Amino acid sequence: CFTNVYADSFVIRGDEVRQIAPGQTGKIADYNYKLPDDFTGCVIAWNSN
Amino acid sequence: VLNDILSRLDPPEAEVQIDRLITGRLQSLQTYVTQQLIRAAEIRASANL
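Quick note, the sequences are listed as chains A and C, same order. Residue 391 is where the first sequence starts when you use PDB author numbering, and the numbers rise one by one after that. Residue 976 is where the second sequence starts when you use PDB author numbering, and the numbers rise one by one after that.
So this is what it looks like as structure tokens:
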């Protein structure tokens, strides 16, 4: 059980999927969406071509 | 050098490196403190004599 669940939804390009993870850098990580280094939770990504 | 590790590596791996450094320095300090305790017991025996 958990006290807070926050589903954050968005769209990126495949090469940038790696950037959605704690401790990552790059365009998306630096300027669009930044996770904490101690992030606790799951990341899910699927092609939507 | 702690500063070089902080300035050079990203936080995810700099954290592990500083963990290593902290463990090492703590072990060195513990060894020094134990040696000081034993030598001080010797000196206390000498002072009692």
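Don't be surprised by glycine CBs; every beta carbon is placed ideally from N, CA and C.
* To do: Taking only beta-carbon positions, decide if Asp-985/C is within less than 8 Å of chain A.
  => yes
* Residue-chain proximity (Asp-427/A, chain C), Cβ-Cβ < 8 Å -> yes
* Straight-line CA distance for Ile-434/A to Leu-1012/C? -> 56 Å
* Asked: Hey, would you say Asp-985/C sits closer than 8 Å to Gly-413/A, going by beta carbons?
  -> A contact, by the Cβ cut-off of 8 Å.
* Selection from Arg-403/A, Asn-439/A, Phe-429/A that minimises the alpha carbon distance to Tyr-396/A -> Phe-429/A
* Spell out a yes or no on whether the stretch 414-423 of chain A and the stretch 994-1004 of chain C are touching, meaning 3 or more CB-CB pairs, one atom from each, closer than 8 Å. => no
* To do: Would you check whether the ligand SAM has a heavy atom nearer than 7 Å to the C-beta of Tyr-1007/C?
  => Ligands displayed in this structure: none; no statement on the ligand SAM is therefore possible.
* Asked: If we count the other Cβ atoms within 10 Å of its Cβ and call it buried at 16 or more, is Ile-1018/C buried or exposed?
  -> The Cβ neighbour count for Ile-1018/C, taken over all protein chains shown within 10 Å, is under 16; the residue is labelled exposed.
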